[PDB]
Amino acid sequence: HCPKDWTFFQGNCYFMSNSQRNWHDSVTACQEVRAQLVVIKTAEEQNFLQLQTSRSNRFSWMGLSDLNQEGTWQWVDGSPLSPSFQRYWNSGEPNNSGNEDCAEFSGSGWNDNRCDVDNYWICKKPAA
């Protein structure tokens, strides 16, 4: 069971924003609704999110970043990016932007983009 306007998928609820904001404000926006900028835990979830993103032609932020530009990607839950997910980057990605780097769903895979760019976002929280 999920709140109205939230999507249920494999035990979790996902909120697809209908507006755009920078990565930081997106992290904040999800906490406002007792959720978290989506942290992908399984390949099934990734396929699901990538699909929703591509069908709506909307570049969307996920809770993954390398704010120090040290090439060290971490999820907002504190966990690191497993090498198993490195395959989700689009061709040539991730290419540092020269500024704080954040991950976005773009077409078929993920892109590295500047964190202050305005993108749609996706929040996630357990179903009830």
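All residue numbers refer to positions in the sequence shown, first residue = 1.
As recorded in the PDB entry, 79 to 87 is the stretch of 79 to 87 and 34 to 42 with the greater mean C-alpha temperature factor. Taking the mean C-alpha B-factor of each stretch as recorded, 6 to 14 and 21 to 29 are not equal, and the higher mean is that of 6 to 14. When the C-alpha B-factors of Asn96, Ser65, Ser60, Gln50 are ranked from the entry, the top spot goes to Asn96. Among the modelled residues of its chain, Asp101 has a C-alpha B-factor that falls in the lowest third according to the deposited record.
Compared with the other modelled residues of the chain, the Cα B-factor recorded for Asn119 ranks in the lowest third.
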